[PDB]
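The sequence lines fix the lettering, A, B, ..., with proteins before strands; numbering per chain opens at 1. Just so it is clear, the values below take in all heavy atoms, side chains as well, and ignore hydrogens, waters and symmetry mates.
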Amino acid sequence: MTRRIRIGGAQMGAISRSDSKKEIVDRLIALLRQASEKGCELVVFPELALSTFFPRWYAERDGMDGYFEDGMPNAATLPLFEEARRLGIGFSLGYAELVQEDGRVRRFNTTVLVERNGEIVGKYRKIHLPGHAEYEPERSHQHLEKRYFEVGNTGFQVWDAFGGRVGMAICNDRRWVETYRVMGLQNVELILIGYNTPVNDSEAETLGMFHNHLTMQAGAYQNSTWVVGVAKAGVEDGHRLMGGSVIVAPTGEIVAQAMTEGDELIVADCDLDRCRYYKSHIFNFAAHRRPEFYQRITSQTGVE
Amino acid sequence: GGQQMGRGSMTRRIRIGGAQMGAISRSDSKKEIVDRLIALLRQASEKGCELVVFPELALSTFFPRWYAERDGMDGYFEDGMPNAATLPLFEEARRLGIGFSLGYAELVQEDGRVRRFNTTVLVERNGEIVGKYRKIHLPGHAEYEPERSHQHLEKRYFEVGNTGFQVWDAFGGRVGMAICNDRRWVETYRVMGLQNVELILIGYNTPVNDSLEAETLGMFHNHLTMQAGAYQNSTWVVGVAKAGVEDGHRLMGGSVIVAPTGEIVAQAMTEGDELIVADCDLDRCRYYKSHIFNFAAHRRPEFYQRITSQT
């Protein structure tokens with residue numbers, strides 16, 4: 001029990017435009033309470049867990065500020081922070097961050113990581129923005145996240161938290177090998193990823209799920225780290241979001257997986273010393289990195 | 001797939017034979033080895049393959065398991081490429097109109113000294129050598145370590161390759177190579193994806209520790225890394241084992257051909273000489289290069305500096 005933590009993945013069901021924010025927060029607390037009762041010490045919530053997935057709707061570039069969080073915590077979210085601290089449970093929470101930095105207003109897709117004592121460990125701002133900047137008439141559903149958020153300015157950080165090394169990424173970050181590699185090069189042992197993944201109706205749903213798990217399982221094994229992937233899933237205002245929340249061991253094995261598209265808690269005991277094990281041995285076999293052969297990864301953006 | 005998996009000949013569709021090998025023991029003659037590769041090449045020709053992928057170090061036993069002077073394994077190295085013993089393979093390939101990739105131990109006079117590389121060569125249908133890759137990631141250790149159940153002395157007999165991960169215009173598309181445990185490194189696939197690679201050829205020798213298990217985990221890991229590298233760089237990946245029991249040391253099987261979706265389209269079923277074949281539409285690589293993995297539109301290199309400023 002030296003560096004073991006019981007982790008709950010708090011998958012969420014659909015949030016519609018018609019849901020009250022008070023009732024959204026109530027659902028987060030209910031999941032946080034179930035996690036407490038199951039002995040969890042850390043709870044992972046989805047990306048943008050405090051609203052409907054509004055990137056699917058067309059509006060002015062600043063016409064979505066009503067979904068964003070004034071502060072963190074603010075009046076709407078303070079009940080969740082207070083319940084978590086009272087229960088002695090840490091969490092990571094995704095939200096849409098509105099902030100005044102260098103005079104102007106900035107918009108970030110953000111996850112904040114809060115420790116068992118209720119102190120904010122840190123904050124990751126989404127690097128890889130999916131979707132498009134403008135209405136796309138040939139699409140069945142819009143994805144306009146690019147139109148409403150700026151590229152984050154935190155980098156992929158890894159913090160001393162929960163007895164180990166903990167990092168965060170957001171949604172489609174999880175398809176870029178660089179996302180996990182950057183944090184593995186900082187000795188990450190637990191990566192927390194909330195996501196909203198639109199599903200295209202009619203199959204290719206199974207291939208989407210395959211790719212969802214494939215990228216996280218490979219990130220976990222190839223950087224000898226735990227990976228928690230938590231969905232906001234289900235049908236929001238006619239738009240299906242993918243389920244498939246998982247907790248993944250540094251072996252790349254899935255050790256817990258959601259079975260619904262609704263609010264659902266998955267639990268696993270995560271031994272962080274298992275990450276140290278695979279990273280390096282006294283009699284080991286893994287060659288060392290040869291970055292002199294990797295320069296294209298930072299010297300170009302697209303293909304040659 | 002529960003259907004016939006082959007597809008007829010077509011522009012930009014390439015039929016690939018994965019030529020998995022069984023064990024090569026220390027007591028095998030060189031002719032016996034070459035004749036076995038020629039047999040797989042003829043098998044691949046009778047199935048209409050235009051490209052045959054051979055394993056890493058396909059011309060000898062996996063000699064890194066044994067201890068000798070640092071120049072004491074040079075007798076397993078190829079003098080030239082081709083040489084007197086390997087010329088019949090090139091002659092067969094040229095005559096049948098089949099290209100191939102071949103792993104071997106390369107002994108070369110260059111820069112004034114003797115250099116030793118773990119190497120794969122890509123040979124076009126016309127018989128011409130079109131590219132060479134020299135293994136970058138050398139696994140194992142440099143000196144005899146008696147606490148180990150088996151030795152893995154690759155760092156002792158090979159130098160770090162000086163080619164880089166190259167991608168060539170070949171076989172109607174963009175072809176790259178890697179070797180064995182290169183395939184565990186996301187950088188291997190990504191560096192070639194940044195060169196618009198459509199087909200990565202990887203031969204390998206993967207020792208398996210004496211089990212009973214976690215043998216299924218080693219197989220899971222083997223396929224996980226190639227499937228992910230394929231999908232996340234929107235490229236075909238061919239991984240070809242030398243497998244079986246060489247002089248009491250077991251080598252992993254599981255050769256596969258993997259589509260740019262990350263799906264396995266062909267898989268070996270034995271641990272001997274075996275041919276797997278799949279028809280590979282290189283245009284299928286635009287499936288994810290158009291949007292999901294459009295590198296120019298999505299990558300943010302200013303946040304990846306640790307990957308090139310690292311160990």
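When each of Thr188(B), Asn196(B), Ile307(B), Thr225(B) is scored by its heavy-atom pairs under 4.5 Å with chain A, the top score falls to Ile307(B). Between chain A and the options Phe165(B), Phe295(B), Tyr231(B), the largest number of non-hydrogen pairs under 4.5 Å is found for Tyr231(B). Among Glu302(B), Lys289(B), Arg184(B), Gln195(B), the residue with the largest count of heavy-atom pairs under 4.5 Å with chain A is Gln195(B). Note: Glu263(B) leads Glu154(B), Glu263(B), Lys155(B) in heavy-atom pairs under 4.5 Å with chain A. Interface remark: of the candidates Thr308(B), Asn233(B), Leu224(B), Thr311(B), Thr308(B) forms the most heavy-atom pairs closer than 4.5 Å to chain A. With chain B as the partner, the residue from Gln295(A), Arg290(A), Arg181(A) showing the most heavy-atom pairs under 4.5 Å is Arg181(A). Heavy-atom pairs under 4.5 Å with chain A peak, among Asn181(B), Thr261(B), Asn294(B), at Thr261(B).
Only the side chain of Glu145(B) comes within contact range of chain A, with heavy atoms under 4.5 Å apart. Proximity to chain A is limited to the side chain of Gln232(B), based on heavy atoms less than 4.5 angstrom apart. Looking at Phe293(B), the atoms closer than 4.5 Å to chain A (heavy atoms on both sides) sit in the backbone and in the side chain alike. At a 4.5 Å heavy-atom cutoff, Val167(B) makes no contact with chain A through either its backbone or its side chain. If you measure heavy-atom distances from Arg148(B) to chain A, the contacts under 4.5 Å come from the side chain alone. In this structure, the portions of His137(B) lying under 4.5 Å from any heavy atom of chain A include both its backbone and its side chain. For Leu217(B), the part lying near chain A is the side chain, with the backbone staying farther off; criterion is any non-hydrogen pair under 4.5 Å. For a residue to count as touching a neighbouring chain, one of its non-hydrogen atoms must lie under 4.5 Å from one of that chain's; by this rule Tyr304(B) touches chain A with backbone and side chain alike. The contact between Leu138(B) and chain A is made entirely by backbone atoms, counting heavy-atom distances below 4.5 Å.
Between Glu56(B) and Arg183(B) there is no salt bridge, since no side-chain nitrogen of the basic residue lies less than 4.0 Å from a carboxylate oxygen of the acidic one. Ion pairing between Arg115(B) and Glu159(B) holds under the 4.0 Å rule for side-chain N and carboxylate O. Electrostatic pairing of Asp269(A) and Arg4(A) does not count as a salt bridge here, judged by no charged N lying under 4.0 Å from a carboxylate O. In summary, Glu205(A) and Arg240(A) do not engage in a salt bridge, as defined by a charged side-chain N under 4.0 Å from a carboxylate O.
Using the six-membered ring where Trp is involved, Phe54(A) and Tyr148(A) have ring planes that are tilted, between 30° and 60° apart.
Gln142(A) has its side chain within reach of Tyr135(A): a pair of non-hydrogen atoms, C-beta onward, lies under 4.5 Å apart. When side chains are defined from C-beta on, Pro198(A) does not count as touching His141(A), because their heavy atoms never get closer than 4.5 Å.
No donor-acceptor pair under 3.5 Å is formed between the side chain of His211(A) and the backbone N or O of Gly262(B).
Residues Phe62(B) and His249(B) place their aromatic rings such that the two centres sit no closer than 6.0 Å.
In this model, a donor atom of one side chain and an acceptor atom of the other lie less than 3.5 Å apart for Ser149(B) and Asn209(B).
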